[PDB]
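Starting off, we have a lone chain in the form deposited in one PDB entry, written out as structure tokens.
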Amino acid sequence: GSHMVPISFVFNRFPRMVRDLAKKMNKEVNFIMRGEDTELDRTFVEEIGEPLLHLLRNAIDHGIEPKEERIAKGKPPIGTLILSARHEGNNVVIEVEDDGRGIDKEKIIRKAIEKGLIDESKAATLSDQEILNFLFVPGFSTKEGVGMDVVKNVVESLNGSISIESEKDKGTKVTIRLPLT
């Protein structure tokens, strides 16, 4: 790689943003960053900021439940949000994981049925990955050009890839793979 620079050039700006977001949304969250010394193409560093911030915001908004709710639910009172970078072969892997309520998969199914994309019989045969992928279909999720869409497009314009996994009341993990320059 030619113009390598530590991912910290983009990471160090998140602790402040996370705390303020958590305060505004009345959420209690412990933010952990890992692999801040991971080197990657400077172009990626300058472009991956917007996408990551959105995933972080998603986690704080839709993921982590208010402290009172986590308590009522029987989970540790403070939520955990982890942002990490690491090497996997010739790929830099960035992950945003929260231990929140998890993506509501039924909600997605209901929305897909409403849009006429699938019917009830078919909906019952879909796999979790199949359900979660609806989140990447442009125009699927209602807006207010932000969203999972913009995240995937930006990541893919860097020749990157993005995947999602989630478990009810367990949390959600978004994974971004960036290529070695």
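Residues carry their position along the shown sequence, with the first being 1. In this text, the rigid core denotes the largest set of C-alpha atoms whose superposition between the two forms falls within 1.5 Å.
Modelled in this chain, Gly145 is nonetheless absent from a third or more of the other compared entries whose models extend past it on both sides.
In terms of unmodelled positions of the deposited sequence, the chain runs continuously from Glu114 to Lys115 in this entry. Higher mean CA temperature factor, per the PDB entry, when comparing 45-53 with 152-160: 45-53. With 98-106 and 81-89 compared on mean CA B-factor from the PDB entry, the stretch scoring higher is 81-89. Among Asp61, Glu68, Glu144, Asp119, the highest C-alpha B-factor in the deposited entry belongs to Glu144. Ranked within its chain, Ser166 lands in the middle third, by CA B factor from the PDB record.
Ranked against the other modelled residues of its chain, the C-alpha B-factor of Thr38 as given in the entry falls in the highest third. For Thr125, the recorded CA temperature factor ranks within the lowest third of the chain's modelled residues. Among the modelled residues of the chain, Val5 sits in the highest third by CA temperature factor in this PDB entry. Sort the chain's modelled residues by C-alpha temperature factor and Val29 lands in the highest third, per the entry.
A second form of this protein, the form deposited in another entry, is not displayed here; the remarks below concern that form.
The residue among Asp37, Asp61, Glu156, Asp119 whose Cα moves by 2 angstroms or more between the shown form and the other one, once the core is superposed, is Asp119. Relative to the superposed rigid core, the position of the CA of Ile109 differs between the shown form and the other one by 2 Å or more.
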